[PDB]
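K.L.:
okay, here's the opening piece of the assembly, coordinates as they are in the complex:
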Amino acid sequence: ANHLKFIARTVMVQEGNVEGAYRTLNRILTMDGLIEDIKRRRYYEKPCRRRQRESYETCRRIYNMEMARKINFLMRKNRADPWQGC
Amino acid sequence: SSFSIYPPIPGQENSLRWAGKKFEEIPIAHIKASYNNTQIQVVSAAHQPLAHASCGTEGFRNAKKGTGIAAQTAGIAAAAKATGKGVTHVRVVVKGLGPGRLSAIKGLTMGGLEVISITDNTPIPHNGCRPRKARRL
Amino acid sequence: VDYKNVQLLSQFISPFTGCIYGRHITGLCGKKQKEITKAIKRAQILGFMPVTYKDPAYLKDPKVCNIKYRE
Amino acid sequence: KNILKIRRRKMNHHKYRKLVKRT
Amino acid sequence: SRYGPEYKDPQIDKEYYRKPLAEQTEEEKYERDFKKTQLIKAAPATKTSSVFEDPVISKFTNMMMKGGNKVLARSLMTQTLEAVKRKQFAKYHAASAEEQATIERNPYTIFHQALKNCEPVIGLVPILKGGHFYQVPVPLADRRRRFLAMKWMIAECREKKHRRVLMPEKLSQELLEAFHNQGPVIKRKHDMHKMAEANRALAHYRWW
């Protein structure tokens, strides 16, 4: 509002394909959480409720992170087995 | 071909024109896309309104005007009324998160109007006024 | 880290939004991530550095952070 | 499970508050 | 299903078997057909090698048939084709050289064209949402559309004729009226199209 206009959350379209520009914008906003934030501010969410969410999210993230880590570590051993029909 | 996603700052020497105008001189298409309705207003760079079209203006009624189709129809209409007053290129400003966002944009293109830049200015409070309570107690 | 140089600060901001990046992006000792945050907010209110967007001048400086928007 | 205990107290208290209003 | 899934449908076309030597992939294909020691369902009584049979005419014949009467329905079809024919021969000799160049006398091409004109583009499916049944615009498969055409024809020329009036008469009438797009059948098609525009917003409820 007091900032200069058009410098922010702005994407310029290339070779006239708009769908792509918009996609890029939406990716920018998804990445910075602006989208989730917008969506979550439609209604209010009482502090305890928010505390609970943050905690659940962080648990969830820890688990996904670690499972992923174990996948990428175990990934080598998916290769065809040498010892078949031993 | 060097193509910057970032717009052309005013103080810069930067030379790009669309029909001979600077990036600053191009008209602005404001689009407010809200959950029950989508409104569009094309305006001069100098902020004189050229054209206005909304899903209500387009003769949909209560729930139907929520949908994407409606939004697109408003887009086309807006662009017609706009090209009448002779605006070839327009910079989109999308305000709000709704069912009609993308649709009203590509309706602006469908309706024979050229979109150069598409900006999102959605109110994001940094915590001002408390929004209304949640649904289903 | 000094609130007075907006250049260094403006490195750890998102160009489009003006958000401050997390550790998992900037990759800083907790100490510095903190110093950076505090310095940023200080700058923003003393009127050195813009809040909602990364100042366009500093767009082409070196990119330290791990985020990729355009794919 | 435990709520059965709580529920009981809950009821008691309600009924009593009600009564203080009448009485 | 007195045929196991092993049994392939027969290919009745004579032209396919008569002139093989110019196509590689198809030679390979029917080579694999018979040489697979593949079982073939016995060719049905309806279908023939006849140079004269139109599968669309036969379908229509069937949809007209009540009970078990092919003889009667094939009668009514035959009579209807003959009736369109003679109606156009009547319209030909009372006309002038220009209109004698214009007017179509092939009852087959008339049948086909009259069905192509009467087939709907878009359609409606009921969808339950929030305890209400909304009618929603649905794109249709080809077969569904042809079906809708034929069924609408027959339903009208069964239902709306005066009891004195015979079937091949009314049917030839409606075939010729649908040839020129002014038939009541076509009005039905339009009622659908208009109901589909009235509801176009609801096109979002469709999830597929």
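P.N.:
Structure received. Numbers count the residues shown, from 1 in each chain, chains lettered A, B, ... in the order given.
K.L.:
use CA for all of it now, contacts and neighbours both
P.N.:
Will do.
K.L.:
contact partners for residue E:27?
P.N.:
E:20-21 (CA atoms under 8 Å, 6 or more residues apart in numbering or on different chains).
K.L.:
switch to 7 Å and redo it
P.N.:
Applying CA atoms under 7 Å, 6 or more residues apart in numbering or on different chains to residue E:27 gives the contacts residue E:20.
K.L.:
which parts of chain A are helices?
P.N.:
A:18-31, A:34-40, A:47-74 (DSSP state H).
K.L.:
most tightly surrounded among those helices?
P.N.:
A comparison of these by mean neighbour count, using mean count of other CA atoms under 10 Å in any protein chain shown, puts helix A:18-31 on top with a mean of 18.
K.L.:
can you tell if it touches chain C?
P.N.:
Yes. Counting by CA under 7 Å from any CA of the partner chain, chain C is contacted by helix A:18-31 at A:24, A:27-28.
K.L.:
what is that helix packed up against?
P.N.:
strand A:10-12 (3 or more CA pairs under 7 Å, 6 or more residues apart in numbering or on different chains; DSSP states H and E).
K.L.:
return the distance of the strand it packs on from the chain's centre.
P.N.:
Strand A:10-12 has its C-alpha centroid displaced from the chain centroid by 21 Å (CA atoms, centre = their mean, to the nearest Å).
K.L.:
here's chain F, drop it onto the model above:
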Amino acid sequence: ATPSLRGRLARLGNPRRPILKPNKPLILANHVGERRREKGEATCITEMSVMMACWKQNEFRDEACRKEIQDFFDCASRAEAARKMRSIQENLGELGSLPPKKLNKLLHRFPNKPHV
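P.N.:
Let me put chain F in with the others:
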């Protein structure tokens, strides 16, 4: 890098106050979850709307606009072909990853030890 687990959970030894309250214990399971099937949305809606405009304008005579009819048809064909052919390849190829069956087997070959 994984978020820190030190000091987070409520335990007899921990000096401070809980940060996480996990709903179910944080122990890597020996299988992964099954991929969530994509929510469908309506297809061809744009071409439909264009055709409907063409009709409203030309008074619903089909002869008038053959292009939008034909293109709406073309599109519905591409949505049928899409529904048929995408199901199988989305159900097999995960791109850089493995089908959840193979992942589960791989994870049973090198399981987590909660016990001992």
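K.L.:
the contacts of residue E:27 with chain F there, same question as before?
P.N.:
Per CA under 7 Å, 6+ apart, neighbours of residue E:27: residue E:20.
K.L.:
from residue E:59, how far out is it?
P.N.:
Going from residue E:27 to residue E:59 by CA to CA, to the nearest Å gives 31 Å.
K.L.:
before we move on, what about residue E:76?
P.N.:
Taking CA to CA as the criterion, residue E:76 is separated from residue E:59 by 13 Å.
K.L.:
go on, residue F:67?
P.N.:
For residue F:67, the distance to residue E:59 - CA to CA - is 29 Å.
K.L.:
show me where chain B has helices.
P.N.:
Under DSSP H, chain B gives helices at B:68-84, B:101-110.
K.L.:
is the shortest one anywhere near chain E?
P.N.:
No. Judged by CA under 7 Å from any CA, helix B:101-110 and chain E are separated, with a smallest distance of 12.7 Å.
K.L.:
other SSEs contacting that helix?
P.N.:
helix B:68-84.
K.L.:
and the helix it packs on, anywhere near chain A?
P.N.:
No. Using CA under 7 Å from any CA, helix B:68-84 stays clear of chain A, with a minimum separation of 14.0 Å.
K.L.:
now the angle from that helix to helix B:101-110?
P.N.:
40 degrees (axes from the mean of the first three to the mean of the last three CA atoms, to 10 degrees).
K.L.:
here is chain G, add it in:
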Amino acid sequence: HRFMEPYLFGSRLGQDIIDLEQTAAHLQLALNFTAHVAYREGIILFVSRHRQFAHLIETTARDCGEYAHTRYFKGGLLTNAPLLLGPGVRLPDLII
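P.N.:
One more chain to add, chain G, which I have set with the ones above:
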């Protein structure tokens, strides 16, 4: 594993180095025992479930005139012997 620490000579850069003096001490004893069981005409059963050496071990056993189980070990094989193997059976006198 916790119970192994007495047998570790130590840990070199993260690897655990078993103490060979003790390995020799023990191995002498195991071999001694094995041998005396063999001399006394008793059944020896080599057991491993590791699929590299499975063939190697099955081979080895067949060459000593001793038995090998290298495969999946059925549930009640030792405890419920007479059902899995047969009506009356001898069970291994030693298992390696």
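K.L.:
repeat for the contacts of residue E:27, accounting for chain G.
P.N.:
residue E:20 are the contacts of residue E:27 under CA under 7 Å, 6+ apart.
K.L.:
what does chain E put close to chain B?
P.N.:
So chain E meets chain B at residue E:201 (CA under 7 Å from any CA).
K.L.:
residue in chain E nearest to chain B?
P.N.:
residue E:201 (5.6 Å; CA to the nearest CA).
K.L.:
now that residue: how far from chain F?
P.N.:
9 Å (CA to the nearest CA, to the nearest Å).
K.L.:
what about the closest residue to that residue other than its chain neighbours, how many residues nearby?
P.N.:
Among residues not flanking residue E:201 along the chain, residue B:64 sits closest, at 5.6 Å (CA to CA, 6 or more residues apart in numbering or on different chains). Other residues near residue B:64 come to 21 when the count uses other CA atoms under 10 Å in any protein chain shown.
K.L.:
my guess is residue B:64 meets residue E:199, correct?
P.N.:
No. Distance between residue B:64 and residue E:199: 9.1 Å, which falls outside the contact criterion (CA atoms under 7 Å).
K.L.:
how near is the residue nearest to residue E:201 to chain C?
P.N.:
33 Å.
K.L.:
before we move on, what about residue F:23?
P.N.:
When residue F:23 is compared with chain C (using CA to the nearest CA), they lie 25 Å apart.
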